[PDB]
Amino acid sequence: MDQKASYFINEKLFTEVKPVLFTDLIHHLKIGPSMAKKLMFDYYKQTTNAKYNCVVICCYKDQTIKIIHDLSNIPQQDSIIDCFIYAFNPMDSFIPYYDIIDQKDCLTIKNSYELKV
Amino acid sequence: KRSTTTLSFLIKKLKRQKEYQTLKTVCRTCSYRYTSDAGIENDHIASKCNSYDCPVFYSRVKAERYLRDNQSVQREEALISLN
Amino acid sequence: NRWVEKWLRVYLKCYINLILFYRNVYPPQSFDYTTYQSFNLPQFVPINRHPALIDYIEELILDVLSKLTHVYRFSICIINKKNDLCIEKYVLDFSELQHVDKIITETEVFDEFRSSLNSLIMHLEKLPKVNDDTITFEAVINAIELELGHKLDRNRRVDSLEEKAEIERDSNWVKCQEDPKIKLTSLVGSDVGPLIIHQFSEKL
Amino acid sequence: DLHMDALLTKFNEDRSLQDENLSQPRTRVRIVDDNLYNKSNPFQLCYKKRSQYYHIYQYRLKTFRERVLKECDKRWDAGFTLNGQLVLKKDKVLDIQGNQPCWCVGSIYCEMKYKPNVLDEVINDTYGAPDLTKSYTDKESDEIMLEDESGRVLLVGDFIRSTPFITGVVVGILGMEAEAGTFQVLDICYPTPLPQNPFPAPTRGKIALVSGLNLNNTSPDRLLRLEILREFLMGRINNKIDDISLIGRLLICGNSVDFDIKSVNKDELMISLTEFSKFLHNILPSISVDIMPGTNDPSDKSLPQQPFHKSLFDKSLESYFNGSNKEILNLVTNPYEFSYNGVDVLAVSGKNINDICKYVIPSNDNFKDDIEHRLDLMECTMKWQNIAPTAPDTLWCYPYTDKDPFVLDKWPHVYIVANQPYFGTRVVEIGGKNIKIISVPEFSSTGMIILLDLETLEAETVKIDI
Ligand code: SF4
């Protein structure tokens with residue numbers, strides 16, 4: 001929506017200092033991964049006051065995933081099939097934290113079987 | 001559902017088993033002097049050594065007795081808790 | 001004082017270790033990132049592995065926890081060694097701490113500790129790098145109603161380890177005073193029920 | 001070739017934003033295990049029942065000798081003449097004496113001295129271990145004998161040199177005595193080929209092979225790699241559901257957590273298991289998970305490691321452990337044969353090959369710690385039909401009674417050995433059958449995962465930087 005997402009990212013980046021992932025947007029706004037990546041890219045713009053570190057990862061050919069560190073010399077730029085922003089890090093060391101997540105209706109792929117109680 | 005006591009039981013049992021395995025490996029390596037063999041029938045020969053002048057023999061027999069000790073009841077307790 | 005002591009000790013350990021690591025009080029090679037240091041830390045906090053330093057930090061934290069009933073402010077001061085002057089001060093407010101006269105799930109406590117430590121780390125990262133070769137730290141507390149160093153006037157015939165610990169903790173502090181371009185930067189503390197802690201920092 | 005901002009603008013502004021309804025998510029391809037409830041898991045033992053190696057050795061010797069005799073009778077039957085004369089059958093080692101070709105069956109004897117690092121490791125943790133190097137230096141070598149209950153003969157030649165051998169393995173040496181009690185080697189016979197299930201020709205999905213998670217309380221980068229793997233398997237990163245939905249199952253092949261059992265307590269291990277349970281709970285609703293015990297996992301030090309427990313997992317996973325939900329989560333014995341849509345695959349955490357590699361063998365002059373050498377070792381393991389050639393190292397007391405499961409009874413379609421230093425695949429043709437050998441690398445370092453196709457048996461790798 002470019003408004004709720006921006007407000008949530010600002011809160012999670014400044015009020016409670018914690019790195020924010022695009023999966024956080026997926027779980028919060030109930031949107032697909034592509035929409036979350038687009039919203040993250042939109043928030044990357046209109047950022048004249050940049051007070052965070054962007055963690056960007058790219059998908060090479062032959063199904064290879066790499067985390068960009070040098071940000072100056074990316075090897076094999078011709079083989080890149082996708083490149084997006086993975087997270088916004090307010091600190092230098094990323095080191096995120098993982099908790100229990102209820103993926104009730106935010107799943108894009110589900111296994112053929114269902115949990116039986 | 002208990003992940004505290006059972007975890008300690010596995011810790012103790014695995015430490016004991018690894019100590020026993022280390023003792024058996026040392027005994028096999030020492031018995032290689034006479035056997036000059038590495039596979040089976042070397043550890044079998046090493047298990048028949050009863051030298052009272054080496055502490056490794058005492059440690060090995062203590063570990064063997066402890067494996068056959070009340071730990072069988074401890075294994076049964078773990079089985080009941082797991083189920 | 002049921003679960004408050006453990007969480008407070010963990011938070012103090014993380015605070016002291018982070019301040020030591022990020023201000024180059026001790027060589028960074030002696031620190032390792034870990035989650036367990038006899039207590040499940042809220043994050044991967046770099047903790048020094050020098051046994052003497054670990055014992056010193058644990059003793060200081062235990063003394064502070066013992067005196068918590070009368071101390072309302074804990075500060076770790078960074079003092080140069082070429083001259084005995086404080087250049088950086090980190091203040092940990094204890095305004096009654098919302099003391100448990102009579103207690104909440106650990107997850108929210110660790111989340112609040114994570115927020116506070118992340119704020120501290122973010123503030124520490126932008127600070128200028130500190131050189132090695134004899135930069136040291138110091139511990140100062142602000143008290144309300146107490147008097148230390150006066151428990152050794154009765155020959156203090158000890159009977160158990162508790163009495164010896166009390167005597168050595170009473171005599172391990174000295175009286176100091178309150179003492180330009182002081183810059184005050186408030187940080188994020190914990191707003192959970194049992195623990196109400198405010199965080200401060202000083203520069204120059 | 002361009003700045004990062006240029007690439008970000010080029011890729012993100014042209015987002016598809018299609019097929020992501022999120023109300024009718026794409027169903028993962030169905031992959032089943034036919035061995036979930038059939039019968040008689042061969043590697044499922046009883047810990048309560050608990051040197052017994054003599055019976056195992058006798059059974060192995062009898063079975064292998066019978067199989068090698070059957071193969072030799074099939075191949076070296078009466079009437080088979082060599083270039084010069086006819087080959088004779090000799091029952092004992094002392095009967096091969098003359099200027100005529102002959103063949104006999106017996107076990108192989110080698111040196112197989114321990115590596116110095118293993119010796120140092122066991123000496124430092126014994127408190128009284130002697131100078132074991134003296135046990136190897138006093139003898140002061142490079143030769144192979146053939147023992148068949150009547151003596152030994154030196155196996156000279158060139159055909160015997162270009163083949164790795166382990167002591168206790170029986171073969172069908174066929175050679176000629178030349179000038180002494182040394183026997184030449186011309187051809188070697190192995191146990192007769194075992195039956196194999198027919199290939200299920202047909203839609204079909206793939207399975208992910210990952211091992212060596214090594215969830216530690218000191219390295220947080222491994223947690224990052226595990227989270228990236230979790231995101232990739234759910235289709236959040238690749239954004240191509242048409243290919244991600246084909247990954248039917250995820251297979252962890254041991255070494256989930258790494259710790260020092262000599263000095264360990266419950267709290268840190270519990271933290272690591274809670275992290276593992278969080279990962280499982282966050283990955284279970286999207287894909288099925290099969291978990292294998294590892295060498296450093298909290299399971300038995302022996303090779304037949306039983307399933308972990310219903311415990312040692314967070315209370316959020318209690319719904320999966322009620323017993324009715326086994327197709328989405330399954331804890332299994334360390335050696336197992338999954339019948340993935342009719343494709344029988346044999347999985348080993350790699351303790352057998354690792355135990356073989358801790359021996360220095362002053363033989364096989366014509367690789368040193370290379371992928372080719374380990375692949376040859378695995379191929380020999382299939383050739384000998386013995387999963388664990390080094391029984392005193394991998395096997396424990398009382399494997400079984402009169403029927404050792406580690407002696408192969410049916411060749412699988414795909415062979416997996418995990419926790420190996422390097423990745424490699426090789427298909428071998430043994431007796432008209434085809435077995436695919438897969439070497440799964442550790443995930444802690446060079447965190448590659450293997451995507452195995454169940455319709456064409458092709459292994460493609462996915463590498464994650466950090
Ligand atoms: S004597 Fe001591 S060392 Fe030699 S084998 Fe028996 S135990 Fe091992």
# chains A, B, ... in the order shown; residues from 1 in each chain; ligands from 1
call {"tool": "residues_near_ligand", "arguments": {"ligand": "ligand 1", "cutoff": "10 Å", "atoms": "only C-alpha atoms and all ligand atoms", "output": "number ranges by chain"}}
result
B: 23-33, 43, 45-61; D: 128-132
call {"tool": "write_last_selection", "arguments": {"atoms": "N, CA and C atoms", "output": "compact mmCIF listing (two decimals), in the first residue's frame"}}
result
# COMPACT_ATOMS: atom_id res chain seq x y z
N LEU B 23 38.53 -46.05 24.87
CA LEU B 23 39.29 -47.10 25.54
C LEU B 23 39.49 -48.31 24.63
N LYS B 24 38.43 -48.72 23.93
CA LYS B 24 38.55 -49.86 23.02
C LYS B 24 39.53 -49.57 21.89
N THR B 25 39.50 -48.35 21.35
CA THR B 25 40.44 -47.99 20.29
C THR B 25 41.87 -48.03 20.79
N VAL B 26 42.11 -47.52 22.00
CA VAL B 26 43.46 -47.55 22.57
C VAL B 26 43.92 -48.99 22.77
N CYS B 27 43.03 -49.84 23.29
CA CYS B 27 43.38 -51.24 23.50
C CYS B 27 43.70 -51.94 22.19
N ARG B 28 42.91 -51.67 21.15
CA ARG B 28 43.16 -52.28 19.84
C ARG B 28 44.50 -51.82 19.27
N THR B 29 44.80 -50.52 19.40
CA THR B 29 46.08 -50.02 18.91
C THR B 29 47.25 -50.66 19.65
N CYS B 30 47.11 -50.83 20.97
CA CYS B 30 48.19 -51.46 21.74
C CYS B 30 48.34 -52.93 21.38
N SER B 31 47.22 -53.63 21.15
CA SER B 31 47.27 -55.04 20.79
C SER B 31 47.75 -55.25 19.36
N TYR B 32 47.76 -54.19 18.54
CA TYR B 32 48.34 -54.30 17.21
C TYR B 32 49.81 -54.73 17.26
N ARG B 33 50.50 -54.48 18.37
CA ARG B 33 51.89 -54.89 18.50
C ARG B 33 52.04 -56.39 18.29
N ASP B 43 40.44 -56.70 17.94
CA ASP B 43 39.72 -56.25 19.13
C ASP B 43 39.31 -57.42 20.00
N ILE B 45 41.03 -60.17 20.43
CA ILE B 45 42.23 -60.53 21.18
C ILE B 45 42.52 -59.48 22.25
N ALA B 46 42.36 -58.20 21.91
CA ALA B 46 42.63 -57.14 22.87
C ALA B 46 41.68 -57.20 24.06
N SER B 47 40.46 -57.69 23.85
CA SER B 47 39.50 -57.80 24.94
C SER B 47 39.87 -58.88 25.94
N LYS B 48 40.81 -59.76 25.61
CA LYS B 48 41.22 -60.83 26.51
C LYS B 48 42.47 -60.48 27.30
N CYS B 49 42.95 -59.24 27.21
CA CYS B 49 44.13 -58.82 27.96
C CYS B 49 43.73 -58.43 29.37
N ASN B 50 44.41 -59.02 30.36
CA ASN B 50 44.11 -58.75 31.76
C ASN B 50 45.34 -58.24 32.49
N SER B 51 46.06 -57.30 31.88
CA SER B 51 47.24 -56.73 32.50
C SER B 51 46.84 -55.82 33.66
N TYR B 52 47.30 -56.14 34.86
CA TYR B 52 47.01 -55.35 36.05
C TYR B 52 47.97 -54.19 36.24
N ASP B 53 48.99 -54.06 35.40
CA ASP B 53 49.98 -53.00 35.55
C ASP B 53 49.66 -51.76 34.73
N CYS B 54 48.56 -51.76 33.98
CA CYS B 54 48.19 -50.61 33.17
C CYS B 54 46.84 -50.07 33.61
N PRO B 55 46.72 -48.76 33.84
CA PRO B 55 45.42 -48.20 34.25
C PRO B 55 44.35 -48.31 33.17
N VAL B 56 44.74 -48.47 31.91
CA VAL B 56 43.75 -48.55 30.83
C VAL B 56 42.88 -49.79 31.00
N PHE B 57 43.46 -50.88 31.49
CA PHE B 57 42.67 -52.08 31.75
C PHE B 57 41.61 -51.83 32.81
N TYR B 58 41.98 -51.15 33.90
CA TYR B 58 41.02 -50.83 34.94
C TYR B 58 39.92 -49.91 34.41
N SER B 59 40.30 -48.90 33.63
CA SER B 59 39.30 -47.99 33.07
C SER B 59 38.36 -48.73 32.13
N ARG B 60 38.90 -49.64 31.31
CA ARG B 60 38.08 -50.39 30.37
C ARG B 60 37.08 -51.29 31.10
N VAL B 61 37.54 -52.01 32.12
CA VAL B 61 36.63 -52.90 32.83
C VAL B 61 35.59 -52.10 33.60
N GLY D 128 46.60 -42.35 30.47
CA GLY D 128 47.43 -43.53 30.64
C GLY D 128 47.68 -44.26 29.34
N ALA D 129 47.28 -43.66 28.23
CA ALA D 129 47.52 -44.26 26.93
C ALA D 129 49.01 -44.29 26.64
N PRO D 130 49.56 -45.44 26.24
CA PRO D 130 51.01 -45.52 26.00
C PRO D 130 51.42 -44.82 24.71
N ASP D 131 52.71 -44.87 24.39
CA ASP D 131 53.18 -44.32 23.13
C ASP D 131 52.80 -45.26 21.99
N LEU D 132 51.58 -45.08 21.46
CA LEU D 132 51.07 -45.99 20.44
C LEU D 132 51.88 -45.94 19.15
call {"tool": "select_by_dssp", "arguments": {"residues": "segment 80-179 of chain C", "states": "alpha helix (DSSP H)", "output": "PyMOL selection string"}}
result
chain C and resi 106-125+161-170
call {"tool": "interface_residues", "arguments": {"of": "chain C", "to": "chain D", "cutoff": "9 Å", "atoms": "only C-alpha atoms", "output": "list in words"}}
result
residues 32, 33, 34, 35, 36, 38, 39, 40 and 44 of chain C
call {"tool": "atom_distance", "arguments": {"atom1": "atom CA of residue 89 of chain D", "atom2": "atom CA of residue 169 of chain D"}}
result
20.1 Å
call {"tool": "residues_around", "arguments": {"residues": "segment 327-332 of chain D", "least_positions_apart": "2", "cutoff": "7 Å", "atoms": "only C-alpha atoms", "output": "number ranges by chain"}}
result
A: 113; D: 284, 288-292, 306-308, 320, 325, 334
call {"tool": "select_by_dssp", "arguments": {"residues": "segment 27-71 of chain A", "states": "strand (DSSP E)", "output": "JSON, numbers by chain"}}
result
{"A": [53, 54, 55, 56, 57, 58, 59, 60, 64, 65, 66, 67]}
call {"tool": "write_last_selection", "arguments": {"atoms": "C-alpha atoms", "output": "PDB file, in the first residue's frame"}}
result
ATOM      1  CA  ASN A  53      22.284  -0.522   6.029  1.00  0.00           C
ATOM      2  CA  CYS A  54      20.687  -2.370   3.114  1.00  0.00           C
ATOM      3  CA  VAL A  55      21.283  -6.124   2.889  1.00  0.00           C
ATOM      4  CA  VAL A  56      20.848  -7.054  -0.780  1.00  0.00           C
ATOM      5  CA  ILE A  57      21.141 -10.562  -2.214  1.00  0.00           C
ATOM      6  CA  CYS A  58      21.101 -11.738  -5.822  1.00  0.00           C
ATOM      7  CA  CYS A  59      20.186 -15.005  -7.535  1.00  0.00           C
ATOM      8  CA  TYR A  60      22.726 -16.274 -10.066  1.00  0.00           C
ATOM      9  CA  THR A  64      23.023 -19.971  -6.696  1.00  0.00           C
ATOM     10  CA  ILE A  65      22.237 -17.403  -3.989  1.00  0.00           C
ATOM     11  CA  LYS A  66      24.848 -14.897  -2.809  1.00  0.00           C
ATOM     12  CA  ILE A  67      24.962 -12.063  -0.276  1.00  0.00           C
TER      13      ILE A  67
END
call {"tool": "residues_around", "arguments": {"residues": "residue 14 of chain C", "least_positions_apart": "5", "cutoff": "12 Å", "atoms": "only C-alpha atoms", "output": "PyMOL selection string"}}
result
chain C and resi 7-9+19-22+33-37+39-48+57-58+61+110+113-114+116-118+120-121
call {"tool": "residues_around", "arguments": {"residues": "segment 62-71 of chain C", "least_positions_apart": "4", "cutoff": "8 Å", "atoms": "only C-alpha atoms", "output": "ChimeraX atom specification"}}
result
/C:5,8-9,58,94,141-146,169
call {"tool": "interface_residues", "arguments": {"of": "chain C", "to": "chain A", "cutoff": "7 Å", "atoms": "only C-alpha atoms", "output": "PyMOL selection string"}}
result
chain C and resi 115+118-119+122
call {"tool": "interface_residues", "arguments": {"of": "chain D", "to": "chain A", "cutoff": "7 Å", "atoms": "only C-alpha atoms", "output": "JSON, numbers by chain"}}
result
{"D": [1, 4, 8, 11, 12, 15, 17, 20, 22, 25, 26, 27, 28, 29, 30, 220, 234, 236, 245, 278, 282, 285, 286, 287, 288, 319, 324, 325, 328, 462, 463, 464, 465, 466]}
call {"tool": "interface_residues", "arguments": {"of": "chain D", "to": "chain B", "cutoff": "7 Å", "atoms": "only C-alpha atoms", "output": "VMD selection string"}}
result
chain D and resid 48 51 111 to 112 122 126 128 to 129 132 135 167 to 168 261 to 262 266 298 300 to 301 309 to 312 390 392
call {"tool": "residues_around", "arguments": {"residues": "segment 102-105 of chain C", "least_positions_apart": "5", "cutoff": "9 Å", "atoms": "only C-alpha atoms", "output": "NGL selection string"}}
result
:C and (1-4 or 192-194)
call {"tool": "closest_residue", "arguments": {"among": "D:147, D:275, D:456, D:136", "to": "residue 224 of chain D", "atoms": "only C-alpha atoms"}}
result
D:275
call {"tool": "residues_around", "arguments": {"residues": "residue 293 of chain D", "least_positions_apart": "5", "cutoff": "12 Å", "atoms": "only C-alpha atoms", "output": "PyMOL selection string"}}
result
chain D and resi 211-214+251-258+298-309+330-336+347-351+418-419
call {"tool": "decode", "arguments": {"residues": "chain B", "atoms": "C-alpha atoms", "output": "CSV table (one decimal), in the first residue's frame"}}
result
chain,number,residue,atom,x,y,z
B,1,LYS,CA,6.9,-34.4,27.1
B,2,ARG,CA,10.1,-33.7,29.0
B,3,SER,CA,13.2,-32.3,27.4
B,4,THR,CA,15.2,-31.6,30.6
B,5,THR,CA,15.9,-34.9,32.3
B,6,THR,CA,16.0,-37.0,29.1
B,7,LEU,CA,18.6,-34.6,27.7
B,8,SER,CA,20.8,-35.1,30.7
B,9,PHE,CA,20.3,-38.9,30.4
B,10,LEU,CA,21.5,-38.8,26.8
B,11,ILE,CA,24.4,-36.5,27.7
B,12,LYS,CA,25.6,-39.0,30.4
B,13,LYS,CA,25.0,-42.1,28.2
B,14,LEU,CA,26.8,-40.6,25.2
B,15,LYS,CA,29.7,-39.4,27.3
B,16,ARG,CA,30.1,-42.9,28.7
B,17,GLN,CA,29.8,-44.6,25.3
B,18,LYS,CA,32.4,-42.3,23.8
B,19,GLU,CA,34.8,-42.9,26.7
B,20,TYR,CA,34.3,-46.7,26.2
B,21,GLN,CA,34.9,-46.4,22.5
B,22,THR,CA,38.1,-44.4,23.1
B,23,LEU,CA,39.3,-47.1,25.5
B,24,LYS,CA,38.5,-49.9,23.0
B,25,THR,CA,40.4,-48.0,20.3
B,26,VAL,CA,43.5,-47.6,22.6
B,27,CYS,CA,43.4,-51.2,23.5
B,28,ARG,CA,43.2,-52.3,19.8
B,29,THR,CA,46.1,-50.0,18.9
B,30,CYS,CA,48.2,-51.5,21.7
B,31,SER,CA,47.3,-55.0,20.8
B,32,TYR,CA,48.3,-54.3,17.2
B,33,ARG,CA,51.9,-54.9,18.5
B,34,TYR,CA,51.2,-58.6,18.8
B,35,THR,CA,48.3,-59.1,16.3
B,36,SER,CA,49.6,-56.8,13.5
B,37,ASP,CA,45.9,-56.8,12.4
B,38,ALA,CA,43.4,-54.0,12.2
B,39,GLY,CA,39.9,-55.5,11.5
B,40,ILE,CA,38.1,-58.1,13.5
B,41,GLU,CA,39.9,-60.7,15.6
B,42,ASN,CA,42.2,-57.9,16.8
B,43,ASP,CA,39.7,-56.2,19.1
B,44,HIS,CA,38.6,-59.7,20.2
B,45,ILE,CA,42.2,-60.5,21.2
B,46,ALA,CA,42.6,-57.1,22.9
B,47,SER,CA,39.5,-57.8,24.9
B,48,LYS,CA,41.2,-60.8,26.5
B,49,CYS,CA,44.1,-58.8,28.0
B,50,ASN,CA,44.1,-58.7,31.8
B,51,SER,CA,47.2,-56.7,32.5
B,52,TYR,CA,47.0,-55.3,36.0
B,53,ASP,CA,50.0,-53.0,35.5
B,54,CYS,CA,48.2,-50.6,33.2
B,55,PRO,CA,45.4,-48.2,34.2
B,56,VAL,CA,43.8,-48.6,30.8
B,57,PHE,CA,42.7,-52.1,31.7
B,58,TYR,CA,41.0,-50.8,34.9
B,59,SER,CA,39.3,-48.0,33.1
B,60,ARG,CA,38.1,-50.4,30.4
B,61,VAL,CA,36.6,-52.9,32.8
B,62,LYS,CA,35.0,-50.1,34.8
B,63,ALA,CA,33.4,-48.7,31.6
B,64,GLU,CA,32.2,-52.2,30.6
B,65,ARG,CA,30.7,-52.8,34.0
B,66,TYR,CA,29.0,-49.3,33.9
B,67,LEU,CA,27.5,-50.0,30.5
B,68,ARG,CA,25.8,-53.2,31.9
B,69,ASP,CA,24.9,-51.3,35.1
B,70,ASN,CA,21.6,-49.8,36.2
B,71,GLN,CA,21.6,-47.8,33.0
B,72,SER,CA,19.2,-50.4,31.6
B,73,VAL,CA,16.6,-49.0,34.0
B,74,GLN,CA,17.6,-45.5,32.9
B,75,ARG,CA,17.0,-46.5,29.2
B,76,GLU,CA,13.6,-47.9,30.2
B,77,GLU,CA,12.7,-44.6,31.9
B,78,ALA,CA,13.7,-42.7,28.7
B,79,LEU,CA,11.5,-45.0,26.7
B,80,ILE,CA,8.5,-44.3,28.9
B,81,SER,CA,9.0,-40.6,28.8
B,82,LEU,CA,9.5,-40.6,25.0
B,83,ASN,CA,6.3,-42.5,24.5
